[PDB]
Chemist: 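I have a structure I would like to understand better, so I am pasting it below and will then ask my questions one at a time.
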Protein chains: 6
Amino acid sequence: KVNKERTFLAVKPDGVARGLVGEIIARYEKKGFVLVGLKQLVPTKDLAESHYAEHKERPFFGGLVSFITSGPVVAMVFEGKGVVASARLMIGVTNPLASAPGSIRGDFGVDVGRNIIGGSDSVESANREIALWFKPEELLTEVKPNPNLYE
Amino acid sequence: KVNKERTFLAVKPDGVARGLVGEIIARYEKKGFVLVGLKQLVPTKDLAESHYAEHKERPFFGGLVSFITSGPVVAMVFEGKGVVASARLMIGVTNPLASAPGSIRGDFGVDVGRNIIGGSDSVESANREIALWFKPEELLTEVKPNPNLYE
Amino acid sequence: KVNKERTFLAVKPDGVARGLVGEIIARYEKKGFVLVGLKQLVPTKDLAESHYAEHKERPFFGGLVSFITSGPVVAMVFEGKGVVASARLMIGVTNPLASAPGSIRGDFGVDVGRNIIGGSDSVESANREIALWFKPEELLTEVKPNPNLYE
Amino acid sequence: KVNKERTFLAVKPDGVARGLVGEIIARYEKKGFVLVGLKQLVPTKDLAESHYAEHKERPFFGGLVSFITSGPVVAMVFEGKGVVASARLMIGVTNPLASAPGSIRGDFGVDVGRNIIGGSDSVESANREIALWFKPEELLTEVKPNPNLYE
Amino acid sequence: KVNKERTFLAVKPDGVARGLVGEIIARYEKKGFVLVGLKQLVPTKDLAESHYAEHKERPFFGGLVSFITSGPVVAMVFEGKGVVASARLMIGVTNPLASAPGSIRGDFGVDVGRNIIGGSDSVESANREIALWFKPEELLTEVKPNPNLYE
Amino acid sequence: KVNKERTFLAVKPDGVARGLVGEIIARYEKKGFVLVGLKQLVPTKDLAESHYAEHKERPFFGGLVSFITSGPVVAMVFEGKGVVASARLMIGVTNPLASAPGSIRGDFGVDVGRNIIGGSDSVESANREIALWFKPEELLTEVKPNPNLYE
Ligand SMILES: C[C@H](Cn1cnc2c(N)ncnc21)OC[P@](=O)(S)OP(=O)(O)OP(=O)(O)O
Ligand SMILES: C[C@H](Cn1cnc2c(N)ncnc21)OC[P@](=O)(S)OP(=O)(O)OP(=O)(O)O
Ligand SMILES: C[C@H](Cn1cnc2c(N)ncnc21)OC[P@](=O)(S)OP(=O)(O)OP(=O)(O)O
Ligand SMILES: C[C@H](Cn1cnc2c(N)ncnc21)OC[P@](=O)(S)OP(=O)(O)OP(=O)(O)O
Ligand SMILES: C[C@H](Cn1cnc2c(N)ncnc21)OC[P@](=O)(S)OP(=O)(O)OP(=O)(O)O
Ligand SMILES: C[C@H](Cn1cnc2c(N)ncnc21)OC[P@](=O)(S)OP(=O)(O)OP(=O)(O)O
């Protein structure tokens with residue numbers, strides 16, 4: 001279906017430390033997106049390096065890897081129609097200072113390096129990120145569509 | 001006045017079923033718009049066709065008419081300066097996935113067919129919609145202006 | 001059955017004027033109680049005296065009648081298991097200053113005469129109050145059983 | 001330490017289905033309790049029976065084991081001073097209708113069978129429940145004491 | 001009248017450092033209590049000792065003085081009927097773990113030493129505390145009574 | 001250096017009277033901006049004219065001066081990276097009706113004359129406004145950077 005689209009979201013160590021996990025989950029739940037995977041973990045260097053592989057050649061890659069592996073991360077997978085692009089709109093933009101009020105980064109962030117949450121940029125990136133962070137057993141298979149949310 | 005402008009708003013069956021009525025009323029109350037009419041009802045095919053008349057030649061007309069009659073609707077009328085255009089901005093856009101975080105559809109909707117709330121598109125549409133859903137007795141006549149909201 | 005119990009609730013002129021209608025409705029909706037009746041109206045002296053009949057010989061009767069008729073009131077009917085005793089608990093006690101934080105009066109009221117909301121004191125009072133404020137046509141007959149709320 | 005006390009909390013299938021996971025996590029985070037374990041899973045009949053082992057001879061045991069395995073559950077472990085007793089106070093009482101406004105069950109529940117969340121009744125039950133639902137690797141070891149929350 | 005009663009409230013350094021100032025102020029404003037004095041300051045040892053004078057011979061006195069001077073404090077004065085006792089009820093009890101959900105300490109605190117906010121225990125203590133923290137010029141004199149909050 | 005930027009914000013008499021002080025302070029605190037100055041006062045014509053000096057020859061100058069002196073104002077100073085531009089984004093635009101939902105004016109305002117809060121338009125205007133409303137003693141000097149908010 002088109003309503004079975006999935007995105008990977010990570011509440012970064014700064015979002016976890018600031019106690020924003022519930023606030024964030026509650027925003028995606030109110031939207032109508034279904035939580036199909038959820039876990040708290042301290043990421044390994046390998047998970048971090050494979051996750052941010054598009055920034056591997058840039059000077060700040062080291063710091064990104066160090067910071068995401070510096071403390072607990074809440075990894076989640078949400079399912080819904082256009083969940084990839086929608087989840088991103090809900091987060092805001094790279095710079096939290098330029099992110100609109102009402103968005104996660106707009107409401108809670110001030111620094112690019114401490115930008116609370118990260119989401120998949122595309123359906124291809126999502127499917128790769130989901131497989132990396134989660135095992136098939138850790139993901140829901142039975143997802144009954146809400147007739148209140150979908151026509 | 002100007003500040004006596006009125007708009008018609010309908011919390012659709014999906015918005016009532018999902019328990020979003022108070023959430024929605026609170027947003028317009030916080031804004032400074034005065035509730036001049038309020039009721040819960042199951043709309044008739046008669047009322048629905050008349051309400052959705054601007055789309056009577058479109059292929060989706062029947063579907064809009066079927067859905068708005070499928071369960072209880074919370075019908076309301078708000079009064080304030082630029083309430084028609086403002087109420088619409090507060091709702092978001094046709095596609096809830098494209099609606100900005102901070103708006104009703106932006107925060108709670110995923111599908112065009114399940115887009116929670118509908119509002120008048122113009123002052124002319126509002127005056128027609130208000131007369132169609134409400135009787136003069138069901139509307140407030142005495143509206144004292146709040147000196148904290150109006151200069 | 002027992003989950004089909006109904007209570008009458010009135011957001012008094014002070015609760016309406018202060019813009020607390022959406023806040024209050026959202027509280028009962030969150031709880032799992034179903035809205036089966038809703039309307040805004042300016043009560044007549046006849047409706048006000050009939051409503052406050054149990055206190056018709058008390059010195060404060062006139063004052064209660066004068067205030068409930070002084071502006072718009074939001075009249076509602078909620079359905080659920082033990083809704084009568086549960087709505088009262090959610091409201092708090094007669095004196096809002098003695099009402100616990102978390103209740104409507106505890107969170108928003110300071111005066112007995114400006115105590116925002118009133119609810120039915122018993123199933124008997126509820127059935128009488130509902131018939132007095134609402135016509136059978138104004139009340140839902142089809143109430144969808146929620147399997148997440150009720151075992 | 002005393003501040004290193006841990007409790008096991010489960011958002012039951014009804015709490016997950018109603019989209020209350022984030023609302024719940026936010027409440028414990030706002031309090032100052034640290035999340036040390038988190039996961040979503042559909043529990044097996046075995047894990048449910050071992051979890052509800054204290055009631056294995058009671059007539060309602062079967063019903064509790066059937067319901068907790070009927071859909072996804074969000075399993076969590078929180079750390080803090082008096083977290084076992086405090087989480088329970090935050091949840092409310094067995095009957096959500098008797099639970100005080102401000103508590104989780106007092107704000108969102110109407111039925112004993114659909115009472116959203118369950119928490120450990122003691123430190124001994126917590127240590128057993130934590131070991132039963134989580135592997136030592138799934139739980140945090142490094143827990144930074146907040147000098148704003150602890151003297 | 002008796003609606004002119006005043007209380008002194010202090011958001012302690014832990015309260016301020018955790019970013020609970022606006023949350024706390026919103027609660028008293030929603031209640032109907034009028035803010036008649038407000039300031040942020042780092043208290044001097046002299047002001048701290050004078051404030052905590054009733055406990056000057058207790059073993060914990062030193063610790064209370066050390067902590068209230070360790071960082072910024074948001075000092076405020078609220079006016080309204082029974083504001084002294086009501087403000088205390090809103091705060092909760094000495095131990096935040098024993099404080100009811102819905103109270104400031106019940107919702108946000110875990111430790112007696114980090115109990116976010118302090119309020120006057122009596123009208124006599126309030127009048128003394130107000131004079132100690134505020135100059136007559138720093139306090140409002142013109143307080144128009146809200147007819148929506150007082151009969 | 002860059003994270004030490006400061007802005008001046010004034011919750012205008014309309015914002016104070018509508019009890020919005022707590023809501024506003026919370027928004028800036030959630031964001032990660034540090035409150036370095038805070039006070040409630042009734043501004044003098046001298047302070048008002050100096051504050052609104054950039055518009056001293058515009059026809060609306062008198063109206064702005066009259067209104068900001070008509071009741072209590074909550075003056076505050078926030079510190080953070082890009083706080084001047086970010087605080088304006090959080091306020092919205094001049095016309096609250098055109099302000100996006102999620103912004104303060106977008107969420108609570110209807111009139112240009114009653115637009116709840118004013119903020120510095122530039123770093124130069126901020127430094128001037130801060131020195132005008134606050135004495136150096138009234139401002140924090142020791143501001144430890146939060147490692148959860150800054151890289
Ligand atoms: C490129 C970004 C931001 N970033 C971190 N440090 C720096 C830095 N020093 N210079 C520039 N950019 C930086 O890193 C990943 P993230 O924060 S998950 O995501 P996003 O939502 O921004 O998005 P996408 O476009 O990666 O999906
Ligand atoms: C024409 C629209 C949208 N729409 C619903 N289904 C479809 C569909 N199948 N194809 C196209 N458009 C669709 O219907 C009305 P509504 O949802 S109250 O919203 P609006 O706020 O956009 O309204 P207005 O702009 O007319 O006020
Ligand atoms: C007798 C009560 C209390 N009361 C109101 N004004 C006064 C007054 N001036 N002197 C004394 N008592 C007063 O009046 C009804 P109400 O306010 S709808 O509701 P309740 O929910 O508290 O209760 P119940 O009456 O339905 O049990
Ligand atoms: C025995 C308890 C209570 N209870 C639930 N259904 C029934 C029922 N049908 N008959 C009797 N008792 C019942 O079951 C677990 P729970 O629902 S998580 O609740 P709790 O958090 O209140 O309790 P505890 O186990 O920590 O005390
Ligand atoms: C003596 C009391 C209690 N107390 C604080 N720390 C300690 C401590 N370490 N050991 C014992 N007792 C302590 O101190 C004041 P506070 O904390 S504002 O609270 P309150 O609500 O009790 O009120 P009041 O005293 O203003 O009435
Ligand atoms: C010039 C503005 C707006 N303004 C008020 N009345 C009028 C009026 N009658 N005609 C035009 N403009 C008016 O005055 C300041 P303020 O209201 S704090 O707004 P802002 O914070 O959006 O401001 P800035 O600092 O960016 O200007």
Side-chain angles (χ1 to χ4, degrees), chain A residues 151, chain B residues 8-10 12 14 51-55 58-64 67-68 84 87-88 91-96 99 104-105 109 111-122 125-126 129, chain C residues 151, chain D residues 9-10 12 14-15 51-52 54-55 58-64 67-68 84 87-88 91-96 98-99 104-105 109 111-122 125 129 151, chain E residues 8-10 12 51-52 54-55 58-64 67-68 84 88 91-96 99 104-105 109 111-122 125-126 129:
Chain A
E151 187 162 45
Chain B
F8 174 77
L9 296 159
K12 296 164 170 207
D14 59 311
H51 179 74
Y52 285 122
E54 64 185 316
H55 311 292
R58 308 276 288 271
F60 56 81
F61 178 76
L64 288 177
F67 188 67
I68 205 162
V84 174
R88 281 187 78 84
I91 291 168
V93 293
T94 309
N95 184 12
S99 299
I104 297 148
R105 298 177 177 163
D111 209 348
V112 170
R114 298 291 178 271
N115 67 5
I116 309 145
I117 187 174
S120 297
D121 62 21
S122 65
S125 297
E129 280 157 29
Chain C
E151 188 167 41
Chain D
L9 295 162
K12 304 176 192 313
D14 59 311
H51 175 73
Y52 289 130
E54 63 183 318
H55 311 293
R58 307 276 288 272
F60 55 81
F61 177 76
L64 290 178
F67 188 67
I68 206 163
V84 177
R88 284 189 75 86
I91 291 170
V93 293
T94 309
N95 182 13
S99 299
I104 295 166
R105 295 177 178 163
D111 210 351
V112 170
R114 300 290 177 269
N115 65 5
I116 309 144
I117 186 177
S120 295
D121 60 24
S122 64
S125 297
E129 280 157 29
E151 184 174 40
Chain E
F8 172 78
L9 295 160
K12 296 163 171 207
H51 180 74
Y52 287 120
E54 64 186 315
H55 312 292
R58 306 275 288 272
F60 55 82
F61 179 78
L64 290 178
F67 188 66
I68 206 159
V84 176
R88 284 190 73 84
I91 290 171
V93 296
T94 306
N95 183 13
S99 299
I104 294 147
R105 297 176 178 165
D111 210 347
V112 170
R114 302 286 177 272
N115 67 4
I116 310 145
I117 187 173
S120 294
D121 60 25
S122 64
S125 295
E129 279 157 29

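In each ligand, atom 1 is the first atom listed, and ligand 1 is the first ligand listed. Naming convention: chains lettered A, B, ... in sequence-line order (proteins, then strands); numbering from 1 in each chain. Reckoned from all heavy atoms, side chains included, excluding hydrogens, waters and symmetry mates.
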Chemist: Going by the order shown, which atoms of ligand 5 are within less than 4.0 Å of some heavy atom of E/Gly119?
Modeler: 26 (O)
Chemist: Is there at least one pair of N or O atoms, one from E/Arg105 and one from ligand 5, spaced under 3.5 Å apart?
Modeler: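 It does: an N or O of E/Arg105 is found under 3.5 Å from an N or O of ligand 5.
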Chemist: Applying a strict 4.0 Å limit to heavy atoms, is E/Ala10 in contact with ligand 5?
Modeler: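 Contact check E/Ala10 vs ligand 5: negative.
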Chemist: Nearest heavy-atom pair of B/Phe8 and B/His51: which atoms, and what distance?
Modeler: CE2-CE1, 3.6 Å
Chemist: What's the separation between atom CD1 in B/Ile104 and atom CD1 in B/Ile91, rounded to the nearest 0.5 Å?
Modeler: 5.5 Å
Chemist: Tell me, do E/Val93 and E/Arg105 make a side-chain contact under 4.5 Å, heavy atoms counted?
Modeler: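 In short, these two side chains do not touch, never coming nearer than 4.5 Å.
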Chemist: Using a strict cut-off of 4.0 Å, indicate which atoms of ligand 4 neighbour a heavy atom of D/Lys12.
Modeler: 18 (S)
Chemist: Would you give the length of the straight line joining atom OG of E/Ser122 to atom CD of E/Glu54, rounded to the nearest 0.5 angstrom?
Modeler: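 That separation rounds to 8.0 Å.
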Chemist: For ligand 4, is there an N or O atom under 3.5 Å from any N or O atom of D/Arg88?
Modeler: yes
Chemist: Compute the minimum heavy-atom distance from E/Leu64 to ligand 5 and say whether it is under 4.0 Å.
Modeler: yes
Chemist: For atom 9 (N) of ligand 2, what's the nearest protein heavy-atom neighbour? Residue, atom name and distance, please.
Modeler: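 The closest heavy atom on the protein side is B/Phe60 CB, 3.5 Å.
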Chemist: Closest non-hydrogen protein atom to atom 13 (C) of ligand 2, residue and atom name please, with distance?
Modeler: B/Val112 CG1, 3.7 Å
Chemist: Going by the order shown, which atoms of ligand 5 are within less than 4.0 Å of some heavy atom of E/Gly118?
Modeler: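 Counting atoms of ligand 5 from 1, those under 4.0 Å from E/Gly118 are 18 (S).
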Chemist: Between CD of E/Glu129 and CG of E/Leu9, what distance do you get to the nearest 0.5 Å?
Modeler: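 These two atoms lie 9.5 Å from each other.
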Chemist: Looking only at protein heavy atoms, identify the closest one to atom 26 (O) of ligand 2 and say how far it is in Å.
Modeler: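 Heavy-atom neighbour on the protein nearest atom 26 (O) of ligand 2: B/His55 NE2, 3.0 Å.
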Chemist: What I want to check is whether the side chains of B/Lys12 and B/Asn115 have a donor and an acceptor closer together than 3.5 Å.
Modeler: yes
Chemist: May I ask you to check whether D/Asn115 has an N/O atom sitting below 3.5 Å from an N/O atom of ligand 4?
Modeler: yes
Chemist: Does a side-chain heavy-atom distance below 4.5 Å link B/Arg114 with B/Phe67?
Modeler: yes
Chemist: For the residue pair E/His55 and E/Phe61, what are the closest heavy atoms and their distance?
Modeler: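 Shortest heavy-atom separation between E/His55 and E/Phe61 comes out as O-CB, 3.3 Å.
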Chemist: Polar contacts were defined as any N/O atom of the residue lying under 3.5 Å from an N/O atom of the ligand; does this apply to D/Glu151 and ligand 5?
Modeler: no
Chemist: Just to confirm my output: which protein heavy-atom neighbour is closest to atom 3 (C) of ligand 2, and how far is it?
Modeler: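 The protein heavy atom lying closest is B/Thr94 CG2, 3.5 Å.
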Chemist: With a 4.0 Å heavy-atom cut-off (strictly under), which part of D/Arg58 contacts ligand 4: side chain, backbone, both or neither?
Modeler: neither
Chemist: At their closest point, which heavy atom of D/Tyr52 faces which heavy atom of D/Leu64, and how far apart are they?
Modeler: CE1-O, 3.3 Å
